[PDB]
Amino acid sequence: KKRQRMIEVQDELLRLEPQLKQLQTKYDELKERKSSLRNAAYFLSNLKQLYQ
Amino acid sequence: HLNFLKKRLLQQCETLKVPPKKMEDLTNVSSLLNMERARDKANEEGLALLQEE
């Protein structure tokens with residue numbers, strides 16, 4: 001009986017791993033997107049003000 | 001005297017009444033018991049390892 005439990009929990013872990021792998025990646029570019037966007041907005045505003 | 005006692009004990013035990021049961025031969029109980037302990041230990045350690053995993 002215990003052998004089947006081992007097999008099915010192994011299936012559980014094997015299926016769960018890709019989801020975490022994908023989610024971490026997605027967060028990784030999302031945060032950098034936000035930061036770069038804010039930096040670009042600041043730079044464009046400053047250069048426009050300087051030229052004006 | 002010993003033969004008389006032996007034959008009378010045979011008669012007494014033949015006359016005796018007991019509830020039904022199944023018994024294995026007395027000669028081989030020891031060895032089978034030893035293999036049963038061996039199987040006991042092997043299965044116990046296997047189950048413990050599986051549970052830990």
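Annotations
- From the list B:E45, B:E52, the one residue that fits, being within 14 Å of another protein chain (Cβ to nearest Cβ), surrounded by 10 or more Cβ atoms within 10 Å (Cβ to Cβ) and of a type in the set (D, E), is B:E45.
- Long-range neighbours under 9 Å by Cβ, at least six apart or interchain, first residue within 14 Å of chain B (Cβ to nearest Cβ) within the range A:1-30, second of a type outside the set (K, R) and in a helix (DSSP H, G or I): A:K2/B:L47; A:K2/B:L50; A:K2/B:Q51; A:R3/B:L50; A:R5/B:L50; A:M6/B:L50
- The lone exception for B:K21 - which of (1) in a helix (DSSP H, G or I); (2) surrounded by fewer than 10 Cβ atoms within 10 Å (Cβ to Cβ) it fails: (1)
Values in this text are rule-based calculations from the coordinates and carry no lab data. Don't worry about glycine lacking a Cβ; one is built from the backbone with ideal geometry, like all the others, and counts go over all protein chains shown.
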